[PDB]
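Structure, as C-alpha cells:
Positions of Cβ are backbone-derived with ideal geometry, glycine not excepted, and every protein chain shown enters the neighbour counts. Derivation of every value follows stated rules applied to the coordinates shown; laboratory data play no part.
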Amino acid sequence: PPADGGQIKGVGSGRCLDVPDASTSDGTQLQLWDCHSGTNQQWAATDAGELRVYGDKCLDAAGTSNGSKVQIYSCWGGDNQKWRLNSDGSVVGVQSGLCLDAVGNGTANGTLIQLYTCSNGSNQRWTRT
Ligand SMILES: OC[C@H]1O[C@@H](O[C@H]2[C@H](O)[C@@H](O)[C@H](O)O[C@@H]2CO)[C@H](O)[C@@H](O)[C@H]1O
Ligand SMILES: OC[C@H]1O[C@@H](O[C@H]2[C@H](O)[C@@H](O)[C@H](O)O[C@@H]2CO)[C@H](O)[C@@H](O)[C@H]1O
C-alpha cells in the first residue's frame, strides 16, 4: 500500500518537520520550515515504529544524548530509527528516551532539530495534522 505520510507540526512554532532543500542525502539534519504539501515534509508512520520519508528513508537519531542530531538515513531497522508519539504531544526516540526538540527553543524557518531531555515545552510538542 501507499505510504500516506503526513506532517509533523511543531506546536510552539507552527512549522513543520522538514528535510532541508528537499535533499534525500544520508546524514541530513532536519529543520523547521513553513508547512507545505511537499514530500520532504511527509512522514509515514510504520508498525516497526519508523517515521519514513521518500519511501525508504527514516527519521534517524545520530546519538543518544542531549544535542544529538536528528537526521535522515536509509531505513535498516535500528532502534534509533524508532519513534513514539505520546499523548502529551512529545515524539520520543525509542532507543534514547529523548524528545524531538527544536534547538534553542527556536521557532523560525531553519531552526535545527535535535534530541533533548523531555520537558514538554512547546518546542517539544507536535501534531500530525
Ligand atoms: O531548505 C529550505 C527549503 O528548501 C526548499 O527546497 C528548494 C531549494 O532550496 C531550492 O534550491 C530549489 O530551487 O527549490 C527547492 C524547492 O522549493 C524546500 O522545498 C523547503 O521545504 C525547505 O527545505
Ligand atoms: O539544547 C538547547 C536547549 O535550549 C533551550 O532553550 C533555552 C536556550 O538554551 C537558552 O540559551 C535561552 O536563554 O533560554 C532558552 C529557553 O527559553 C530549550 O528549552 C531546550 O529544549 C533545548 O532546545
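At a glance:
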{"read-out": "Trypsin sites (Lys or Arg not before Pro) within the stretch 77-129, DSSP loop, no more than 14 other Cβ atoms inside 10 Å", "value": "128"}
{"read-out": "Nearest-0.05 FRET efficiency for residue 48 and residue 22, computed from C-beta distance (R0 25 Å)", "value": "0.55"}
{"read-out": "Shape call, the stretch 58-105: gyration tensor on alpha carbons, a/c limit 1.5", "value": "oblate"}
{"read-out": "Of 95, 77, 117, farthest towards positive along the dipole that unit charges on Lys, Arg, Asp, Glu beta carbons give the chain", "value": "117"}
